[PDB]
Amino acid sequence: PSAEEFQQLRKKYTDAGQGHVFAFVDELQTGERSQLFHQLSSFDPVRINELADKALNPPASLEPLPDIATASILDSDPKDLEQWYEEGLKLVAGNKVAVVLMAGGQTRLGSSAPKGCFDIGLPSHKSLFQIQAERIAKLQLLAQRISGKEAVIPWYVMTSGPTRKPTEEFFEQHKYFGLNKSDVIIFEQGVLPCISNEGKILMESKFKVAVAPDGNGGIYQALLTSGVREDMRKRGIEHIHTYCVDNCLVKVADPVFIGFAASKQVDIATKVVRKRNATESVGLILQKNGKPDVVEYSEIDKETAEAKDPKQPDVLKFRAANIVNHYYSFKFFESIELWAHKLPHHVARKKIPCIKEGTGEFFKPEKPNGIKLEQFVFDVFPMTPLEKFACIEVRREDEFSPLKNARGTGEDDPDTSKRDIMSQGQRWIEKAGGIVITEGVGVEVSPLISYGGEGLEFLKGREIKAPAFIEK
């Protein structure tokens, strides 16, 4: 507001080679001026230059994880599965388990609304959010069955600038899907400015810098400034499940996963499924320089993606596909301030509509004109010793069905999503003794009826005409 303050900021940016952001301040109303001022005050231009330099002029041994760090639901001792399930449910019952939902993604889907609101066309027309909340509701009920006391899994929902407000409205319109409003917290990750190919801050309007969400790796710094970590501490949380909004099969706060990690006493555990083929758009979990790590599908070499296991020439050497289902101890979140700044910035070339520095005409670029920076949630893995890390294989058909693409794509889209949920529901019923007569597919089982296939005895011997919906 004061010329003294506005000039000092203009000197900082102009000294930093970013003076062009003041190019149009004389055309500006006093409100558009204070907006430009406060947004520019929130960035350190010299820090921006450092980020841009490392992204635009940037300056190792890879093996599978050692078996001491891996497990698999597909061949664990059934006694371990039962023990891990029970211990997981006891942790839920003790009110020590929190969930962080990563829902700050806008693009491959072409929907205006947050991805969590999407109706994949199930007979219930439930959104991804609602299905996920109902797994929470159901899990809290199952855990009460082994304590006779209320169980609470707080739901921390991480949004972005783009998705925050519509997410909150959506939850409020659905009355938080029957959870207690005081146990669901919506918070927001931060942003970084978008950077041109020449290292210049890009301007979205004559008074606003173009910025973008700082990647799901922004979760950690967001846990601090939002107050979520403090809330977790107040609730006595000790175990956190973090996952991506787009997976309609996500086993929220999965008791087997939690029990497995807590009994191994790891700082961090993560779920994988067998990679479907060499080109699947998934990060690969592996051992890099003797540490647990993830190579993202956008950064891996073709030679690495196609390497083959020696005695199995038709199988991929690296096939532990990351399904974005992570466990943390609370102790680990208590260290965020020591290492949140060590997280790398990954770089994507983007077409960012902006104002031309010269004339000032808002234009959509032909070719990629700049970059976006993103920290990745899993880049904490190499901070974690192998002995404090666990990677457990799950079943894709039960645990991983991501919504990445629009209806009509043919993979990882609303139709494969719906088909996976309903194939799962039929499978559950059949194992419980039900019969599904199909004349044309599958059955949608509400999470409030069954979290993971239990509680379906009441359908033994009963015939079900697919498509069907089983609800309370």
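We call the rigid core whatever largest set of C-alpha positions still superposes within 1.5 Å between the two forms. Each residue number is its position in the shown sequence, starting from 1.
A.B. asks: Given a rigid core fit, name the stretch, 350-358 or 334-342, whose C-alphas are on average farther from the form shown here in 5 other deposited structures of this protein.
C.D. replies: Looking at 350-358 versus 334-342 in 5 other deposited structures of this protein, the farther one turns out to be 350-358.
A.B. asks: To spell it out: superpose each other structure in 5 other deposited structures of this protein onto this one by the rigid core, compute Cα RMS over structures and residues for 146-154 and for 199-207. Which is larger?
C.D. replies: Comparing 199-207 with 146-154, the one that moves more in 5 other deposited structures of this protein is 146-154.
A.B. asks: Go through the other compared entries with residues on either side of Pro64 and state whether a third or more give it no coordinates.
C.D. replies: Per the records, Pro64 is modelled in all the other entries.
A.B. asks: Indicate yes or no: is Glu439 absent from the model in at least a third of the other PDB entries of this protein that were compared?
C.D. replies: Yes, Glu439 lacks coordinates in at least a third of the other compared entries that model both of its neighbours.
A.B. asks: Going by the PDB record, how many residues of the deposited sequence fall between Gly410 and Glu411 without any coordinates: none, 1 to 3, 4 to 9, or 10 or more?
C.D. replies: Gap size class: none, per the record.
A.B. asks: From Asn180 to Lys181, how many deposited residues does the entry skip: none, 1 to 3, 4 to 9, or 10 or more?
C.D. replies: Count of unmodelled residues in between: none.
A.B. asks: Could you check which stretch, 356-364 or 75-83, carries the larger mean CA temperature factor in the entry?
C.D. replies: Comparing 356-364 with 75-83, the higher mean C-alpha B-factor belongs to 356-364.
A.B. asks: Compare the mean C-alpha B-factor of 224-232 with that of 107-115 as given in the PDB entry, and name the stretch with the higher value.
C.D. replies: So the stretch with the higher mean C-alpha B-factor is 107-115.
A.B. asks: Looking at the C-alpha B-factor values in the deposited entry, which of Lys126, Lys342, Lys317, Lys175 comes out highest?
C.D. replies: By C-alpha B-factor in the record, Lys317 ranks first.
A.B. asks: Going by the CA temperature factor in the entry, name the top one among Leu403, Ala55, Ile435, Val445.
C.D. replies: Of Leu403, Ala55, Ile435, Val445, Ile435 has the highest C-alpha B-factor.
A.B. asks: Test of reading the entry: by CA B factor among the chain's modelled residues, which third contains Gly190?
C.D. replies: Middle third - that is where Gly190 ends up once the chain's C-alpha B-factors are sorted.
A.B. asks: So where's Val184 on the chain's Cα temperature factor ranking, which third?
C.D. replies: Its C-alpha B-factor belongs to the middle third of this chain's values.
A.B. asks: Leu51's Cα B-factor: lowest, middle or highest third of the chain?
C.D. replies: Its C-alpha B-factor belongs to the lowest third of this chain's values.
A.B. asks: Ranked by Cα temperature factor within the chain, is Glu280 in the lowest third, the middle third or the highest third?
C.D. replies: According to the entry, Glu280 has a C-alpha B-factor in the chain's middle third.
A.B. asks: Please say which third, lowest, middle or highest, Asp398 falls into when its CA temperature factor is compared across its chain.
C.D. replies: As the PDB entry reports it, the C-alpha B-factor of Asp398 lands in the lowest third of its chain.
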